[PDB]
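Chemist: According to the authors' numbering, the sequence shown is numbered sequentially starting from 2.
Heads up, the beta-carbon is just placed ideally off N, CA and C, and yes, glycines get one too.
Take this structure, written in structure tokens, and hold onto it; I'll ask about it next.
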Amino acid sequence: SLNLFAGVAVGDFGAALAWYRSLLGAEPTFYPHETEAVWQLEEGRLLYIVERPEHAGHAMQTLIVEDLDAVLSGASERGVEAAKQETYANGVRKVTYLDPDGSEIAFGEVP
């Protein structure tokens with residue numbers, strides 16, 4: 002009933018596309034145009050980057066996933082590390098990535 006496209010403005014499209022590819026470990030589901038890439042993460046939950054340098058590096062998106070460890074290690078092997086790891090009392094982690102422009106992509110998990 003609703004498709005949520007979470008957007009991120011980026012500076013250099015190529016650098017951003019490379020980085021998001023590594024992080025997500027998937028290729029864009031499609032390109033609406035030449036400086037725009039959309040990933041379908043799941044049904045009705047999509048992430049897109051677009052070249053709008055005047056807004057780049059200010060975005061914040063959070064994904065709560067089933068397997069945080071997989072997100073972590075998979076991104077590590079493809080060469081991207083987290084900026085910060087917060088472990089709260091219950092052991093629930095939030096880990097934050099910074100894209101090439103400085104936007105924050107966080108990944109959390111359930112207790």
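#1: Report the CB separation of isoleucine 65 from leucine 18 in whole angstroms; it is logged as a contact under 8 Å.
#2: Apart from the five residues just before and just after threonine 63, which ones in its own chain have a Cβ nearer than 7 Å to its Cβ?
#3: Run the CB neighbour count on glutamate 52, radius 10 Å, all protein chains shown included, and call it buried at 16 or more, exposed below.
#4: For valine 81, I'd like the list of residues in its chain whose CB is within less than 8 Å of its CB, leaving aside the five on either flank, ordered along the chain.
#5: Can you have a look at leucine 3 and say buried or exposed, based on whether 16 or more other CB atoms are within 10 angstroms of its CB?
#6: Among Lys85, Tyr89, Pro54, which residue has its Cα nearest to the Cα of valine 96?
#7: Helix or strand or just coil, what does DSSP make of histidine 59?
#8: Closest by CA to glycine 26, which one among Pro112, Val72, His34, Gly92?
#9: Quick check: what's the CA-CA separation for residue 1 versus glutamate 67?
#10: Which residues in the same chain as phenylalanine 31 place their Cβ atom closer than 7 Å to its Cβ, once the five residues preceding and following it in sequence are excluded?
#11: So is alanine 76 buried or exposed if we call it buried at 16+ other beta carbons inside 10 Å?
Modeler: Reading it off the structure:
#1: On the sequence shown, position 64 is the one that residue 65 refers to. On the sequence shown, position 17 is the one that residue 18 refers to. Not quite, the Cβ-Cβ distance comes to about 24 Å (not below 8 Å), so this is no contact.
#2: For the purposes of this step, residue 63 is taken as the residue at position 62 of the sequence shown. Around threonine 63: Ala107, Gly109.
#3: Counted from its first residue, the sequence shown places residue 52 at position 51. Using a 10 angstroms sphere on the CB of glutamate 52, the tally of other CB atoms reaches 16 or more, which defines it as buried.
#4: The residue given as residue 81 occupies position 80 in the sequence shown. Excluding the 5 residues flanking it on each side, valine 81 has same chain C-beta neighbours closer than 8 Å at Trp20, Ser23, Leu24, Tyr98, in chain order.
#5: Position 2 of the sequence shown, counting from 1, holds the residue named residue 3. The residue in question, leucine 3, is exposed, as its Cβ has fewer than 16 Cβ neighbours within 10 Å.
#6: In the sequence shown, the residue the question calls residue 96 occupies position 95. The shortest C-alpha separation from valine 96 is found at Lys85.
#7: Looking up residue 59 in the sequence shown gives position 58. In the displayed model, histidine 59 falls within coil according to three-state DSSP, outside both helix and strand.
#8: On the sequence shown, residue 26 is found 25 positions in, with the first residue counted as 1. Looking at the Cα atoms, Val72 is the closest of the given residues.
#9: Lying before the first or after the last residue shown, residue 1 is absent from the chain, which here runs from 2 to 112.
#10: In the sequence shown, the residue the question calls residue 31 occupies position 30. Within the same chain, and ignoring the five residues on either side of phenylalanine 31 in sequence, the residues whose Cβ sits closer than 7 Å to its Cβ are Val39.
#11: For this step, residue 76 is matched to residue 75 along the sequence shown. Buried is the label assigned to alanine 76, since at least 16 other Cβ atoms lie within 10 Å of its Cβ.
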